[PDB]
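Sequence and experimental coordinates follow.
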Amino acid sequence: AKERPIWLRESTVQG
Amino acid sequence: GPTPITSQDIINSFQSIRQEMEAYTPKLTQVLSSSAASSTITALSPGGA
Amino acid sequence: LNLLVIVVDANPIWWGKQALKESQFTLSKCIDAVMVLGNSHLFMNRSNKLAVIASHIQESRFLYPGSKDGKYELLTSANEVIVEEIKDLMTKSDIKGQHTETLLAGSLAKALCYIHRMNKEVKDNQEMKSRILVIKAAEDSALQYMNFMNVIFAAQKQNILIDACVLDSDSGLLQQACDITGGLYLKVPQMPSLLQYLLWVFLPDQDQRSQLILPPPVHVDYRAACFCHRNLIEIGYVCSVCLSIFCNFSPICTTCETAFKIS
Amino acid sequence: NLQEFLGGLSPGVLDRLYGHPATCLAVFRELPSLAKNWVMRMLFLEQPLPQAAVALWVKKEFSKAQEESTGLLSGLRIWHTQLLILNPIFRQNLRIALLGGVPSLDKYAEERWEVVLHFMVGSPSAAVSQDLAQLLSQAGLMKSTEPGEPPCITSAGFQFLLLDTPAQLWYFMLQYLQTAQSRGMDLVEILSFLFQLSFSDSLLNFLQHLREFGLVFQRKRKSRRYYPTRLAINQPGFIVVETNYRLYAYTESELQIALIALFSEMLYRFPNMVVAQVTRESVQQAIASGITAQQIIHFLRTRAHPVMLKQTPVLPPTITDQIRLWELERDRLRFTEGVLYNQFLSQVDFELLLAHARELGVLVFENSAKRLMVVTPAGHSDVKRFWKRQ
Ligand SMILES: [Zn+2]
Ligand SMILES: [Zn+2]
C-alpha cells in the first residue's frame, strides 16, 4: 500500500 | 546389472577394414543419391516407416 | 550457441565384417556422412562449434579438438583433420582377442567432461546448449552397464541431450540412456540413406526440436532382473547396503554378508 | 537490414548473385530460425515434393514461424513449386559450399572512420578526397551547390551523424550500392565481395572506396592481397548526465566533442573531460537542423558512462522528459498544404465529394458540422476536374 501515483512513477510525456 | 544379454574372423575383418579407407572424401556423389533420398522422406511421412 | 559432439562407434570387428561381406555400406561412407553432418552443423551459425570422438576396443581418440577447391577455409580444416586422424587410428591398432566388444561408456565419459571444459571457458554472456549425437554400430557389452549408467545420469544433471542413432542393432542400454536425458532415438534401417535422417531428425537443435514433427519415441522396457539368473523379475528383494535386485528371500544376500535378523 | 536489400531484387539478378564462393553461404546465415533446417533437408534431393508436406512438418504451435520462413524464402526464390525443389544452381553452389568443390587494423578503421565524420561536420582540418566528398553529396546526406565553397550538411546529415557506428556504417554502404548502379557499377560483382569478406576495374575502384572508408587496408602499397578490418565483416560509454542538464564527457577525440556540441552548450574542456549544458537554445537548434529527440536520447544512452549504468533508467527521467517536450513545442503548429471549400449549397454534393475524396485519398481533413474540408494541391486538380465534369 501507500504506492506512488501513476503520473509520478513514470513520465506522462507523450514519448 | 539386471540388464540382460571365429578368431581368424577378427583378423580378416581387421585387415580388410585397414584397406578400406585408402581413398577418402568421396562426398561429391557417393555419400548420397536422390533415389535413396526420396525414399527416406516418404518413410518419414505419417504413413511411412 | 550449440556445441555438438558426434560419438561415432567405429568398431573394426563389426565394421570390418561389412568389408568382408562386401556390403554396400562401409565405414568410409559412415565417416563421410558424419563429416557432412558436422560441416552442416557448423554451417548453421558461426557461434556453433562441434567435435568428434571415435570408439575402439582399446580406447577412444578425438577426431577433432587454403581454398584449393574454392572451399570455406574453416570446414576445410575439419575435412582434412578428421580424414587424416581417422585413418591413423584404423590403420594402427593392436590385436587383443580377449577384448573385442566396442567401448562406448568411456568414449562418452570423455565427451561429458569435454563439454564441461568448453562450458567453463566460454563467456558467460552466451549460453551453450550441448548435445551428443551417439551413433552406435555394434552390440554393447554387459560388463559396461554400471559405468554407462553413471555417465547418463551425469548428463541429466548437466543438461546434455544424448541423441542415439543406433543402426543394425537395438542396444537396450543405449535406448535406455537417451530416454533419461530426453534425447531422441532413431533406428535407421536404410544405412545407405542414413545421411538424410541426420539433417532432418538429429540436426535440428533442442531449441527447435519441440516445434517440429519427429518420429515418436520408442517404448522403453525398464526391465529388472535378479543377480541369480539375469531374468526379468517384477518384484525385487534389495537390501540396505548392496542395493542389488535379488531373486527370492534369503537368509543373507551373498553380495552383502550382512547379519540379517529374521522376523 | 540486409534482408530488405536482397528482398527487392529480380529473379534474374538473384541467381546470378548466387555466386559459388560465398553468396550461397552468406544468404544462408540470414535464414533466421527454420529455413536453415529446411534448406539442408532438401539439399540432396533431385525430386520436388508436394507443398502439403512442408505445411504439416511444423506443429500447430508456432505455426506462424513456418509461414514467415516460407514467405521469406519464396521471395529469395531458393526453390520453385514445379507443380518445392531448390534451384539447381543454388543446390549445386550450396553443395560446393558444403564439403564440395589485427589490433592495428581496428584502430585504422576507427581512425579512418573518425576522420570521415570530421569532414562530415564542419571541421577545418580533415582528410581531403574529391571522390569521397561527391559520393557523400550524392549519398543524400550532403549538398554543396557551389564547388568553390565547401559543401554544407543537410538535415539528413545530422540524423546520420548521431547514429551508432554500426547502423551509421551499414546505412552508408547501403547508399553506396544504390548509387553504384546509377554510376554504372555492376551491383552483383561489388555485392558478392561484401559477403566473401565475412568469411577488375570496378573491383579496384570499389576496393579503393572501401579502403577509403577504413574497412580494408592493403598495407603493401595497394597490393592484390587485403586484410579486412573489423568493420569490414559487418565499447564503454563516457558521457555522464546530471539532473540539471549538465553533461560531463570523458572525451579526448574531437569528434565526440563536436557531436555533443550539436545539441548542447559547451562550458569547459579539460584534457580528459568536457562540461556541456543541454539548454533550450541548443536542443531546439538541433531540432531545427532536422534532428529529433529520439536520436539524442539514444545517442546519450549509448554513450552512457558506467557510473550511471547502475541507476534504472540509465538516463534520469527529467532529462529525457525535458528533451522530448522541447521538440514537441517546436511542431505545435503543424503545417499542411491544402485547399479550402466554401458555400456548399447542399450537403449531399458535399458528402458525395467527400466520398470521392476519401476513395482517392485527396481529403486531408473534413468538417461535417461546418460543411467544409481541405484538399492538398495535388488532389485539387482531381477534385476540380470532378467539379467541372459535374
Ligand atoms: Zn534368481
Ligand atoms: Zn546386501
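Yep, it's here. Numbers count the residues shown, from 1 in each chain, chains lettered A, B, ... in the order given. Ligands and ions are numbered 1, 2, ... in the order given.

Just give the number of residues close to the closest residue to chain D within chain A.
Nearest residue of chain A to chain D: residue A:15, at 3.9 Å (CB to the nearest CB). The C-beta positions use only the backbone N, C-alpha and C, and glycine is treated the same way. When neighbours are defined as other CB atoms under 10 Å in any protein chain shown, residue A:15 has 14 of them.

what about residue D:309, how many neighbours?
The local packing of residue D:309 (other CB under 10 Å) involves 11 other residues.

Give the full set of residues in contact with it.
residue D:237 (CB atoms under 8 Å, 6 or more residues apart in numbering or on different chains).

Can you give me the separation between it and residue D:6?
Distance from residue D:309 to residue D:6, counting by CB to CB, to the nearest Å: 37 Å.

Distance-wise, check the residue in chain B positioned nearest to ligand 1 relative to chain A.
Chain B approaches ligand 1 most closely through residue B:2 (10.7 Å), counting by CB to the ion. Counting by CB to the nearest CB, to the nearest Å, the gap from residue B:2 to chain A is 61 Å.

contacting residues for that residue?
Contacts of residue B:2 (CB under 8 Å, 6+ apart): C:223-227, C:230, C:233, C:245.

Out of the residues you listed, give me the two with the largest separation.
By the measure CB to CB, C:223 and C:227 form the most distant pair in these, at 13.7 Å.

Same question for stretch D:302-315: list its buried residues.
D:303-305, D:308, D:314-315 (16 or more other CB atoms under 10 Å in any protein chain shown).

where does the residue nearest the centre of chain D land in three-state SS?
In chain D, the residue lying closest to the centroid (CA atoms, centre = their mean) is residue D:171, at 4.2 Å. Following DSSP: H, G, I helix; E, B strand; the rest coil, we place residue D:171 in the helix state.

Contact partners for it?
D:160, D:163.

give me that answer again for 7 Å
By CB atoms under 7 Å, 6 or more residues apart in numbering or on different chains, the contact list for residue D:171 reads residue D:160.

cool, residue C:195 as well?
Residue C:195 is in contact with B:31-32, C:33, C:36, counting by CB under 7 Å, 6+ apart.

Return the residues of the stretch 101-250 of chain D in contact with chain C.
Contacts of the stretch 101-250 of chain D with chain C, taken as CB under 7 Å from any CB of the partner chain, map to D:101, D:199.

Looking from chain A, tell me which residue of the stretch 101-250 of chain D is nearest.
residue D:243 (14.2 Å).

quick check, residue D:194 in a helix?
Yes - counting by three-state DSSP, residue D:194 is located in a helix.

And for it, nearest residue in space, chain neighbours not counted?
residue D:173 (7.5 Å; CB to CB, 6 or more residues apart in numbering or on different chains).

Neighbours of the one you found, how many?
Residue D:173, neighbours per other CB under 10 Å, totals 17.

Please report the distance of it from residue D:211.
From residue D:173 to residue D:211 the distance is 14 Å (CB to CB).

mind listing the helices for chain C?
C:12-21, C:27-44, C:73-91, C:105-121, C:145-158, C:172-181, C:194-200, C:206-209 (DSSP state H).

ah, wrong one, I meant the stretch 101-250 of chain D
Under the criterion DSSP state H, counting those that start in this stretch, helices of the stretch 101-250 of chain D are mapped to D:103-120, D:130-136, D:155-162, D:165-183, D:187-197, D:201-213, D:230-233.

Counting by contacts, list what the shortest one packs against.
Applying 3 or more CB pairs under 7 Å, 6 or more residues apart in numbering or on different chains; DSSP states H and E, one finds that helix D:230-233 contacts helix D:103-120.

who does the closest residue to residue D:319 other than its chain neighbours bridge with?
Excluding the flanking residues, the one nearest residue D:319 by CB to CB, 6+ apart is residue D:241, at 5.7 Å. Beta-bridge partners for residue D:241, by DSSP bridges, are residue D:247.

these two touch, right, residue D:241 and residue D:301?
No - at 9.4 Å, residue D:241 does not count as touching residue D:301 under the criterion of CB atoms under 7 Å.

which residue is nearest the middle of chain B?
residue B:31 (10.3 Å).

Phi first, then psi, for that one.
phi -60, psi -40 (degrees, to the nearest 10).

I'd guessed it sits against residue C:29; true?
Yes - applying CB under 7 Å as the test, residue B:31 and residue C:29 come out as touching, 6.4 Å apart.

how many other residues sit next to residue D:92?
Counted with other CB under 10 Å, residue D:92 comes out at 15.

where's it, which helix or strand?
helix D:88-97 (DSSP states H and E).

does any bit of that helix sit next to chain B?
No - against chain B, helix D:88-97 shows no contacts by CB under 7 Å from any CB, the least distance being 8.4 Å.

Show me where chain B has its strands.
Taking DSSP state E, chain B contains no strands at all.

ok, so what distance separates the residue in it that ligand 2 sits nearest to from chain D?
Per CB to the ion, residue B:1 is where chain B lies closest to ligand 2, at 14.7 Å. As judged by CB to the nearest CB, residue B:1 and chain D stand 37 Å apart.

Give the closest residue to that residue in space, chain neighbours not counted.
Per CB to CB, 6+ apart, closest to residue B:1 is residue C:145, 4.6 Å.

Contact partners for the one you found?
Taking CB under 7 Å, 6+ apart, one finds B:1, B:3, C:173 in contact with residue C:145.

Could you pull out the buried residues of stretch C:178-196?
For stretch C:178-196, using 16+ other CB under 10 Å, the buried residues are C:178-179, C:181-188, C:191-196.

Alpha carbons of it, in CSV - could you do that?
Included here for stretch C:178-196 are C-alpha records, laid out as CSV according to Å, rounded to 0.1, in the frame of the first residue of the first chain:
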residue,chain,number,x,y,z
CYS,C,178,18.7,-41.5,-24.3
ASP,C,179,15.3,-41.6,-22.6
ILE,C,180,16.6,-40.4,-19.3
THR,C,181,18.0,-37.2,-20.7
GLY,C,182,15.2,-36.6,-23.2
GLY,C,183,17.3,-37.3,-26.3
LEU,C,184,15.7,-38.6,-29.5
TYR,C,185,16.2,-42.3,-30.5
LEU,C,186,16.2,-43.1,-34.2
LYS,C,187,16.9,-46.6,-35.6
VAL,C,188,17.7,-46.1,-39.3
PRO,C,189,17.1,-49.3,-41.2
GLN,C,190,18.4,-47.9,-44.6
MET,C,191,22.1,-47.5,-43.9
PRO,C,192,22.8,-46.1,-47.4
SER,C,193,20.2,-43.3,-46.8
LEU,C,194,21.5,-42.6,-43.3
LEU,C,195,22.5,-39.0,-44.0
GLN,C,196,19.0,-37.8,-45.0
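
Any idea which residue of the stretch 51-200 of chain D lies closest to chain B?
For the stretch 51-200 of chain D, CB to the nearest CB, closest residue to chain B: residue D:99, 4.7 Å.

Check the contact between that residue and residue C:40; I expect there is one.
No - assessed by CB under 7 Å, residue D:99 is found out of contact with residue C:40, at 8.5 Å.

Give me the distance between whatever residue of chain B ends up closest to chain D and residue C:193.
For chain B, the residue closest to chain D is residue B:34, as judged by CB to the nearest CB, at 3.5 Å. According to CB to CB, residue B:34 and residue C:193 sit 11 Å apart.

who touches stretch C:114-128?
The contact list for stretch C:114-128 (CB under 7 Å, 6+ apart) reads C:1, C:3, C:5, C:47, C:51, C:130, C:158, C:160.
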